[PDB]
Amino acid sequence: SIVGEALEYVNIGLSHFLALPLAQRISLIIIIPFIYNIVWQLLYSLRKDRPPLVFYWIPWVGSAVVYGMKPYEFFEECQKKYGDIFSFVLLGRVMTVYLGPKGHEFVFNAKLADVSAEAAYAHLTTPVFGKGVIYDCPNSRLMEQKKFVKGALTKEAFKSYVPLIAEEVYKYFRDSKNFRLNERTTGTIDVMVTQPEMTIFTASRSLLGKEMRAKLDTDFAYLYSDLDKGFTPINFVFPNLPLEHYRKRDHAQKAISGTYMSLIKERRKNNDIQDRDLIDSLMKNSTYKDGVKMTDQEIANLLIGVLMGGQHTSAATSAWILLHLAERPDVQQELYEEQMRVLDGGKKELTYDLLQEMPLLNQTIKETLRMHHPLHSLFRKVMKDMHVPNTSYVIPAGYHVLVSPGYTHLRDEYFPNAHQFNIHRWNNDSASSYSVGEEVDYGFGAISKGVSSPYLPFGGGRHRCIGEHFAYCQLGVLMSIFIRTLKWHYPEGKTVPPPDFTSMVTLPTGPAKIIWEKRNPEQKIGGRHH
């Protein structure tokens, strides 16, 4: 009755393990975790309190490749096999996806104690934006940061932003190599070159002021290119690697925030604090409710985050608008007629109020944002075990939840013919969004309490967008002028490109080219240029 004889051979076996040839040990350090991975999934599948987990061969990596390249196609397949709730492994993390409006509710309206946005996001935003703001702070501070920024995002602010944005668009048609409307009546542009440039010029001039705008006319502009380099999700896998690239990022953040603090410290020194910018605004209004004031460094880091977030979502969207309208001359024609009616043949100057009377223009943005949500996935880290109601499921702390209103945007059940671009699906519903009923305030204004709308381009709950009206104002001025000034179409055989999902935002796969021509070949844009 000796099991001792077996316990010796355990020890013996361990000793022989340490004496295998390296060719068999390396092999083992590969085969052991691979074998163990597969048996763990097999066993995991039996738990009834866990959503189905998507099968994967490579440990740690998980479904990263397929998710990273075609997330919506990944979601549709998983949805057919497993339904609306499923998990998948992603570079070391377990992601629990909840699709559809009930997913929007589950994730966007999760209790503050259940999930953390900053725990999912901080490890990219912080190196790009700087410390102490956005996701490098507790949620309550973020809530008030959004409140501060919203104080420069009023109707009265938009009324003064409109002519500023319009002047920038005209200067851009006049001076940019991509246009030069005074010298060329037709031409070809890559919209992934023009829109990011037009977006930074207009957003700077209005949110940052003329000083910062003027900086863009110099080599300073390169720093923004550098800073944006660090805003690619190789940095979620690798937040800090001691290579180059990471260093222009860090350098840019320091140099750009330095430029903002310089301006800030000079205004306060010269008593020059008015009501022009987001900068004036945060200088007058950045004291938290417990009495602590934001530092000049935190104010500048917040400016970087706000400008950069708004940079990428808006430029991607005007790119898609131009790309969809280029094969839809009927929509351009219709948008033009609206321009002629609202602006009295173009003899009325565009104002923020006149923008609100251009429903087809706004529906075109609304529709573009339906087909091309610039953020295909929003994440939280689960902080406390979460029960999914009317199910047996429990999402344990340490998991991540993934919500994807952009996927619902593309479902026929909610938007008939969802892959067809049609601005008329929004007739007499041209509002950028609308609180479908009751409201709640998390610290930056009252917003819809329910988040079950299948159309959720600006998310919802405490992390909801506050840039929506600014985006519509900027995209609206932009497109109003494009429409009244140019017609445009594709080179022969070209069509709307597929999205490049691997980036920060769901940009079109470049180069995405369109051919423009002046509606009025003789029209000249005034003002001086080199």
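Throughout, we count residues from 1 along the sequence that is shown. For clarity, a rigid core is taken as the largest C-alpha set superposing within 1.5 Å between two forms.
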Quick note, superposing on core in 5 other deposited structures of this protein and taking C-alpha RMS, the more shifted stretch of 129-137 and 231-239 is 231-239
Of the two stretches 5-13 and 515-523, CA positions deviate more in 5 other deposited structures of this protein after rigid core alignment for 5-13
Quick note on 384-392 and 181-189: per-entry mean CA temperature factor is higher in 384-392
For the C-alpha atoms alone, is the average B factor greater in 230-238 or in 156-164, going by the entry? 230-238
Have a look at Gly467, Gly461, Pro33, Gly476 and flag the one whose Cα has the highest B-factor in the entry. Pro33
Per the PDB entry, which option out of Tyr472, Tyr44, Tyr490, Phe482 has the greatest Cα B factor? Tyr44
Is the Cα B-factor recorded for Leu22 in the lowest, middle or highest third of its chain? highest
Which third of the chain holds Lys210 when residues are ordered by C-alpha B factor: lowest, middle or highest? middle
Once the chain's modelled residues are ordered by C-alpha B factor and cut into thirds, is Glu266 in the lowest, middle or highest one? highest
CA B-factor ranking of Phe129, expressed as a third of its chain: lowest
Position of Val451 among the chain's modelled residues by C-alpha B-factor, lowest, middle or highest third: middle
